[PDB]
There are 2 protein chains.
Amino acid sequence: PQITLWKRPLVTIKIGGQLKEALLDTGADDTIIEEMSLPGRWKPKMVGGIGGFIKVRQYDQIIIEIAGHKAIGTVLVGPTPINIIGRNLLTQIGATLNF
Amino acid sequence: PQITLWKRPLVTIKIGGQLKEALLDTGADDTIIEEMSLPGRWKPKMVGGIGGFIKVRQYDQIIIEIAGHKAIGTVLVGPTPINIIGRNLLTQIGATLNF
Ligand SMILES: CC(C)CN(C[C@@H](O)[C@H](Cc1ccccc1)NC(=O)O[C@H]1CO[C@H]2OCC[C@H]21)S(=O)(=O)c1ccc(N)cc1
Ligand SMILES: [Cl-]
Ligand SMILES: [Cl-]
Ligand code: NA
């Protein structure tokens with residue numbers, strides 16, 4: 001796909017057996033999803049942005065289908081106002097910025 | 001250019017005659033720069049990010065060069081942790097997301 005940026009670049013993802021919508025975010029180092037359960041081990045992390053930091057759970061080796069493209073990587077889970085696909089998984093689907 | 005996402009997509013910007021670095025951020029509606037002086041009047045705006053909201057100064061019709069492309073548009077100034085180029089100016093320089 002080529003995605004213009006006139007509106008937010010929202011896509012459908014599948015994670016943990018659940019379909020969700022998420023923002024493709026080149027400004028995010030990491031992927032962060034709103035509170036949900038995921039299997040396996042986790043460790044606590046703080047992640048910071050505009051407005052300050054939030055505490056999240058870091059799960060490693062989680063598979064996510066992103067607009068029909070599979071990726072595996074770390075997923076943070078916590079009180080983010082929107083689900084965000086960050087660079088750690090955007091690389092894996094071959095996403096690039098073009099101008 | 002075609003910019004991969006293995007590293008942060010940082011580019012040089014020029015605003016008020018000064019070179020700065022900024023992040024190309026598809027997850028940002030709005031361009032926001034760290035504190036600096038800009039001409040004209042400003043308007044109030046609240047910006048909500050991962051960690052809560054911040055107050056910023058909204059300047060309209062500001063001339064800004066981004067990675068060698070000319071844009072003229074709205075720039076917010078406030079305590080962002082990093083200079084960010086959001087979709088309002090990414091559209092002006094013709095940027096798309098591709099995968
Ligand atoms: C601020 C950037 C350096 C980092 N952010 C990614 C960014 O794209 C967020 C992503 C985002 C989007 C919506 C709400 C919260 C965060 N956008 C954002 O805060 O933009 C604000 C300015 O324009 C506005 O439009 C969106 C909210 C405003 S972040 O959400 O804090 C974040 C930080 C670290 C990770 N790993 C993942 C995400
Ligand atoms: Cl990862
Ligand atoms: Cl104010
Ligand atoms: Na795991």
TODO: Among the residues of region B:50-67, write down those that are under 26 Å from A:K55 (Cα atoms) and assigned to a loop (DSSP other than H, G, I, E, B).
DONE: B:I50, B:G51
Open item on the list: Just to be sure before I move on: is A:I32 of a type in the set (V, I, T), more than 11 Å from ligand 1 (Cβ to nearest atom), within 25 Å of B:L97 (Cβ to Cβ) and under 11 Å from the mean Cα position of the chain (by Cα) in the structure I sent?
Closed with: no
Open item on the list: Please go through region A:1-18 and give me each residue that is facing chain B (nearest Cβ under 7 Å) and not hydroxyl-bearing (S, T, Y), ordered by number.
Closed with: A:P1, A:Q2, A:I3, A:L5, A:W6, A:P9
TODO: Output the number of residues of region B:31-42 satisfying the condition of being closer than 28 Å to A:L23 by Cα, of a type outside the set (S, T, Y) and more than 10 Å from every other protein chain (Cβ to nearest Cβ).
DONE: 3
Open item on the list: So if I check each of A:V11, A:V47, A:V75, which one is assigned to a strand (DSSP E or B), away from ligand 4 (no atom under 16 Å from the Cβ) and touching a residue at least 60 places away in the same chain (Cβ under 8 Å)?
Closed with: A:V11
TODO: Go through region B:19-29 residue by residue and tally those that are more than 10 Å from every other protein chain (Cβ to nearest Cβ), in contact (Cβ under 8 Å) with a residue 12 or more places away in the chain and touching a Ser or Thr at 6+ places or on another chain (Cβ under 7 Å).
DONE: 1
Task: Long-range neighbours under 6 Å by Cβ, at least six apart or interchain, first residue hydrophobic (A, V, I, L, M, F, W, C) within region A:80-95, second assigned to a loop (DSSP other than H, G, I, E, B) and more than 14 Å from ligand 2 (Cβ to nearest atom) - done: A:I84/A:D25; A:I93/B:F99; A:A95/B:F99
- [ ] Determine if region A:80-95 includes at least one residue that is in contact with a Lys or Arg (Cβ under 7 Å, 6 or more places away or on another chain), more than 10 Å from chain B (Cβ to nearest Cβ) and farther than 26 Å from A:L5 by Cα.
- [x] no
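No Cβ is skipped: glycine too gets one built from the backbone with ideal geometry, and neighbour counts run over all protein chains shown. Any read-out appearing in this document is the output of simple, stated calculations on the displayed coordinates, not a laboratory observation.
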